[PDB]
Structures are given as structure tokens and as C-alpha cells.
Amino acid sequence: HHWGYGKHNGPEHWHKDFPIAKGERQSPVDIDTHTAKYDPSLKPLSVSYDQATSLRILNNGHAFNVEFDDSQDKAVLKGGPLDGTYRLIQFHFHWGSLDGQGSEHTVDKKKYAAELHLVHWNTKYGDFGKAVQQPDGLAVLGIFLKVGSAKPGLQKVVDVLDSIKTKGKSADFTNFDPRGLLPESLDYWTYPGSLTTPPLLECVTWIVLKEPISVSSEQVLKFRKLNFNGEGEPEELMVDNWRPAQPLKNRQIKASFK
Ligand SMILES: NS(=O)(=O)c1ccc(NC(=O)Nc2c(F)c(F)c(F)c(F)c2F)cc1
Ligand SMILES: [Zn+2]
């Protein structure tokens, strides 16, 4: 009886195994655009993905991760609220069963169809496992998805999903360029938070872009054909794998723009 997104093991249950679920800096949160304050001291945000080396795509039973070679400084995030260099290790998404839900963060209580998370770790801690134990260990770049026009740079991801339908399946996934998943603007909100799944560690500087990307109805429909279950187990569609907004508590969300 392990954690997931169902009635009996979903977000309302997680606190029993992971008491930090009710902690002081949990994610996601609602971003109240009127209460977020412009911070003129936020330096420019630097996304350097030209040397990114993707390796593999994995269905982990909660989402699918596109994994990168993070054994050298190849694809890094710097600037913004960050001190130092953060290496891209993987990206994944959270999405809904319907176009009106699926994102983890919300904007003035608005839910988007999905949310992309580009996960990076602070190189001063040497490896990802040490980084998650630090309050400034991770930086996750969050990007909202709305349904409209297709995102051409997403299609290579969509087309390999048939090969990783069930929990535990992986496929080679080399030469994928994550630059094709970014919107035009890097305007963002930022706040200190956590992983949005167990173990819910409070190790993340969240950087959430204001501008969503558009994906097609057909692209998101293909996400919804994935399975939470393993092969040969009863089929449960991988949909609604998002945690709802958590209390902001003693935090301020800062904006990079006005
Ligand atoms: N949705 S998210 O906040 O971007 C997120 C990112 C990474 C992870 N976790 C991992 O990618 N690996 C992971 C981990 F960090 C841990 F801290 C663990 F204990 C663990 F078992 C992991 F697999 C969970 C949610
Ligand atoms: Zn995530």
C-alpha cells in the first residue's frame, strides 16, 4: 500500500508516511499575481541547454522522466534567484484527465492542463542524492501547458510514449533538445518550496514561468494513454498525477517582472 494519486493513497494520505507533507515550505502553491512582488534585485535568469545530453525516458509509475547525463556541466540553470550552478538531471510532467486540470501550481486559482518540471541540482553538493538533503539543493523550472496549437518540440516525446506504457519500462532517448519546450519569455515567479511528491523534501527553489506553452489536444491525449500500473497488472490510466496547492505559510512569492 504505497503512495500514489488514488482515493486511498493520494495526496490527502501522504502525511502518514511523510509527515513533512504538512511542513512550512511545501509545494505546489497558488500564485496570487496581485500579491507577488517585483524584486528588482533578481539577476537575469540563464538557461544554458545547448550541450544537453538526453539518455533515456522512464515510466516510473508516477510520471515519465526524460533523463540527462549530469556527470558534467552540460545543461545548466543559473542566475535568477540562484547562487551557483544547477545541473539538469531530468524533466517530467504532471497532467489531468480533462483539459481544465493537471497543473500543480495555479495562477490566481487557475489550473492549466499540465505542468512541465525541469529538475536541476546544485553542483556544490556533488550529487543529486546529497542535494535533496539541502534547503538550496534543487532548482525546478516549472512551465505551464495549455491546450491549443501543437508544440513541435514536444512531439518526439509524445511519439515514444507507446514504448513506455507501463511502470518500469524505459527506452533509449538520445539527442533530445529541451530548448524546444520553452516559451518565448523567461519572466518568472520564484519561492522556496519542496518536491511535490514523496518524499516531499524541502530542498527546492521553484522558478515558475509566467508564459505557458501550447500543446495540442492530440499531444495531451497521448499522455493520458500511459499507465500507472506495470505490465500484466490491471490497467489504470496515468492521469491526474498532480498534487493540489498547499498553504503558503510564511513565504513571499517574488516576480522577476512587473
Ligand atoms: N515534481 S518535482 O517536485 O519536480 C519532483 C522532482 C524529483 C523527485 N524525486 C526524484 O527525482 N528522485 C527521488 C528523490 F528526489 C528523493 F528525494 C527520493 F527519496 C527518491 F527516492 C527519489 F527517487 C520528486 C518530485
Ligand atoms: Zn514534478
# chains A, B, ... in the order shown; residues from 1 in each chain; ligands from 1
$ residues_near_ligand --ligand "ligand 2" --cutoff "8 Å" --atoms "only C-alpha atoms and all ligand atoms" --output "JSON, numbers by chain"
{"A": [91, 92, 93, 94, 115, 116, 117, 195, 196, 197]}
$ closest_atom_pairs --of "chain A" --to "ligand 1" --cutoff "10 Å" --atoms "only C-alpha atoms and all ligand atoms" --output "CSV"
residue,atom,partner,partner_atom_place_in_ligand_line,distance
A:26,CA,ligand 1,3 (O),9.8
A:27,CA,ligand 1,3 (O),7.5
A:28,CA,ligand 1,3 (O),8.1
A:60,CA,ligand 1,23 (F),9.1
A:62,CA,ligand 1,24 (C),9.5
A:63,CA,ligand 1,1 (N),9.1
A:65,CA,ligand 1,11 (O),8.4
A:67,CA,ligand 1,11 (O),9.8
A:89,CA,ligand 1,11 (O),8.5
A:90,CA,ligand 1,11 (O),7.6
A:91,CA,ligand 1,4 (O),7.8
A:92,CA,ligand 1,4 (O),7.5
A:93,CA,ligand 1,1 (N),7.8
A:94,CA,ligand 1,1 (N),7.8
A:104,CA,ligand 1,1 (N),8.6
A:115,CA,ligand 1,1 (N),9.4
A:116,CA,ligand 1,4 (O),8.4
A:117,CA,ligand 1,4 (O),5.2
A:118,CA,ligand 1,4 (O),7.0
A:119,CA,ligand 1,4 (O),5.9
A:120,CA,ligand 1,6 (C),8.9
A:128,CA,ligand 1,15 (F),7.5
A:129,CA,ligand 1,17 (F),6.8
A:130,CA,ligand 1,17 (F),9.2
A:131,CA,ligand 1,15 (F),8.8
A:132,CA,ligand 1,17 (F),5.6
A:133,CA,ligand 1,17 (F),7.8
A:138,CA,ligand 1,6 (C),8.7
A:139,CA,ligand 1,4 (O),8.8
A:140,CA,ligand 1,4 (O),6.0
A:141,CA,ligand 1,4 (O),8.3
A:142,CA,ligand 1,4 (O),8.1
A:193,CA,ligand 1,3 (O),8.8
A:194,CA,ligand 1,3 (O),6.3
A:195,CA,ligand 1,3 (O),3.4
A:196,CA,ligand 1,3 (O),4.0
A:197,CA,ligand 1,25 (C),4.7
A:198,CA,ligand 1,24 (C),6.5
A:199,CA,ligand 1,19 (F),5.4
A:200,CA,ligand 1,24 (C),7.2
A:201,CA,ligand 1,17 (F),6.3
A:202,CA,ligand 1,17 (F),9.6
A:203,CA,ligand 1,17 (F),9.0
A:204,CA,ligand 1,3 (O),7.6
A:206,CA,ligand 1,3 (O),8.8
A:241,CA,ligand 1,1 (N),9.7
A:242,CA,ligand 1,1 (N),8.4
A:243,CA,ligand 1,1 (N),8.8
$ residues_around --residues "residue 166 (chain A)" --least-positions-apart "5" --cutoff "9 Å" --atoms "only C-alpha atoms" --output "ChimeraX atom specification"
/A:59-61,226-231,235
$ write_last_selection --atoms "C-alpha atoms" --output "compact mmCIF listing (two decimals), in the first residue's frame"
# COMPACT_ATOMS: atom_id res chain seq x y z
CA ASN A 59 7.83 5.41 -16.82
CA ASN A 60 8.30 5.35 -13.03
CA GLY A 61 4.68 4.62 -12.15
CA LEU A 226 0.06 6.00 -20.25
CA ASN A 227 -0.48 3.60 -17.33
CA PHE A 228 0.35 3.86 -13.62
CA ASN A 229 0.40 0.06 -13.40
CA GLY A 230 3.02 -2.39 -14.51
CA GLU A 231 2.64 -4.74 -17.47
CA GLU A 235 -4.88 -1.05 -16.32
$ atom_distance --atom1 "CA of residue 143 (chain A)" --atom2 "CA of residue 19 (chain A)"
27.7 Å
$ atom_distance --atom1 "CA of residue 255 (chain A)" --atom2 "CA of residue 39 (chain A)"
6.0 Å
$ residues_around --residues "residue 32 (chain A)" --least-positions-apart "4" --cutoff "9 Å" --atoms "only C-alpha atoms" --output "ChimeraX atom specification"
/A:36,106-109,253
$ select_by_dssp --residues "region 108-255 of chain A" --states "strand (DSSP E or B)" --output "JSON, numbers by chain"
{"A": [110, 114, 115, 116, 117, 118, 119, 120, 121, 122, 138, 139, 140, 141, 142, 143, 144, 145, 146, 147, 170, 171, 172, 188, 189, 190, 191, 192, 193, 204, 205, 206, 207, 208, 209, 213, 214, 215, 227, 237, 254, 255]}
$ closest_residue --among "A:137, A:256, A:245, A:222" --to "residue 22 (chain A)" --atoms "only C-alpha atoms"
A:245
$ atom_distance --atom1 "CA of residue 83 (chain A)" --atom2 "CA of residue 246 (chain A)"
25.9 Å
$ residues_around --residues "residue 95 (chain A)" --least-positions-apart "2" --cutoff "10 Å" --atoms "only C-alpha atoms" --output "JSON list (two decimals) with N, CA and C atoms, in the first residue's frame"
[["chain", "number", "residue", "atom", "x", "y", "z"],
["A", 63, "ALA", "N", 4.91, 9.29, -13.21],
["A", 63, "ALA", "CA", 5.04, 10.17, -14.36],
["A", 63, "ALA", "C", 6.06, 9.50, -15.29],
["A", 93, "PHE", "N", 6.42, 15.68, -16.47],
["A", 93, "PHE", "CA", 5.19, 16.48, -16.47],
["A", 93, "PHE", "C", 4.21, 15.91, -15.44],
["A", 97, "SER", "N", -6.90, 14.48, -16.30],
["A", 97, "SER", "CA", -7.82, 13.67, -17.11],
["A", 97, "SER", "C", -8.69, 14.52, -18.04],
["A", 98, "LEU", "N", -8.72, 15.81, -17.81],
["A", 98, "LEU", "CA", -9.52, 16.79, -18.55],
["A", 98, "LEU", "C", -8.64, 18.02, -18.77],
["A", 99, "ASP", "N", -8.90, 18.80, -19.82],
["A", 99, "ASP", "CA", -8.03, 19.95, -20.12],
["A", 99, "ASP", "C", -8.06, 21.05, -19.04],
["A", 100, "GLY", "N", -9.12, 21.07, -18.22],
["A", 100, "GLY", "CA", -9.27, 22.07, -17.17],
["A", 100, "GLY", "C", -8.55, 21.83, -15.84],
["A", 101, "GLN", "N", -7.73, 20.78, -15.81],
["A", 101, "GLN", "CA", -6.95, 20.49, -14.63],
["A", 101, "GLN", "C", -5.69, 19.71, -15.05],
["A", 102, "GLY", "N", -4.72, 19.64, -14.14],
["A", 102, "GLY", "CA", -3.50, 18.91, -14.38],
["A", 102, "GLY", "C", -2.26, 19.59, -13.83],
["A", 103, "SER", "N", -2.24, 20.92, -13.80],
["A", 103, "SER", "CA", -1.10, 21.59, -13.23],
["A", 103, "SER", "C", -1.08, 21.46, -11.71],
["A", 104, "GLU", "N", 0.11, 21.63, -11.17],
["A", 104, "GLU", "CA", 0.35, 21.60, -9.71],
["A", 104, "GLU", "C", 0.29, 23.02, -9.15],
["A", 112, "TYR", "N", -3.96, 24.82, -15.13],
["A", 112, "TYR", "CA", -3.63, 24.56, -16.52],
["A", 112, "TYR", "C", -3.76, 23.06, -16.80],
["A", 113, "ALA", "N", -3.71, 22.69, -18.08],
["A", 113, "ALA", "CA", -3.87, 21.30, -18.48],
["A", 113, "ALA", "C", -2.73, 20.39, -18.02],
["A", 114, "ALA", "N", -1.56, 20.96, -17.85],
["A", 114, "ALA", "CA", -0.38, 20.20, -17.45],
["A", 114, "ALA", "C", 0.72, 21.18, -17.01],
["A", 115, "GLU", "N", 1.77, 20.61, -16.43],
["A", 115, "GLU", "CA", 2.89, 21.38, -15.94],
["A", 115, "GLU", "C", 4.16, 20.56, -16.15],
["A", 116, "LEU", "N", 5.13, 21.20, -16.80],
["A", 116, "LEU", "CA", 6.44, 20.63, -17.07],
["A", 116, "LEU", "C", 7.41, 21.07, -15.97],
["A", 145, "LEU", "N", 1.38, 24.20, -19.33],
["A", 145, "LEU", "CA", 0.88, 23.79, -20.66],
["A", 145, "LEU", "C", -0.62, 24.07, -20.75],
["A", 220, "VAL", "N", -1.77, 15.94, -25.65],
["A", 220, "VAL", "CA", -2.10, 15.66, -24.26],
["A", 220, "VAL", "C", -2.88, 14.33, -24.17],
["A", 223, "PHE", "N", -0.44, 11.61, -23.59],
["A", 223, "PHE", "CA", -0.02, 11.49, -22.20],
["A", 223, "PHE", "C", -1.02, 10.62, -21.41],
["A", 224, "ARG", "N", -2.31, 10.81, -21.69],
["A", 224, "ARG", "CA", -3.37, 10.15, -20.94],
["A", 224, "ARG", "C", -3.55, 8.67, -21.27],
["A", 238, "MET", "N", -2.72, 6.70, -16.43],
["A", 238, "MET", "CA", -1.89, 7.68, -15.77],
["A", 238, "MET", "C", -2.42, 9.07, -16.12],
["A", 239, "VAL", "N", -3.31, 9.55, -15.27],
["A", 239, "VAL", "CA", -3.93, 10.86, -15.38],
["A", 239, "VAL", "C", -4.09, 11.41, -13.95],
["A", 240, "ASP", "N", -4.19, 12.73, -13.85],
["A", 240, "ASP", "CA", -4.37, 13.41, -12.57],
["A", 240, "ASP", "C", -3.26, 13.04, -11.57],
["A", 241, "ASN", "N", -2.03, 13.09, -12.06],
["A", 241, "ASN", "CA", -0.86, 12.85, -11.23],
["A", 241, "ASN", "C", -0.25, 14.14, -10.71],
["A", 242, "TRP", "N", -1.12, 15.01, -10.20],
["A", 242, "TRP", "CA", -0.75, 16.30, -9.64],
["A", 242, "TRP", "C", -1.16, 16.40, -8.19]]
$ residues_around --residues "residue 85 (chain A)" --least-positions-apart "5" --cutoff "12 Å" --atoms "only C-alpha atoms" --output "list in words"
residues 45, 46, 47, 48, 72, 73, 74, 75, 76, 77, 78, 79, 80, 120, 121, 122, 123, 124, 125, 126, 136, 137, 138 and 139 of chain A
$ residues_around --residues "residue 152 (chain A)" --least-positions-apart "6" --cutoff "9 Å" --atoms "only C-alpha atoms" --output "ChimeraX atom specification"
/A:180-181,215
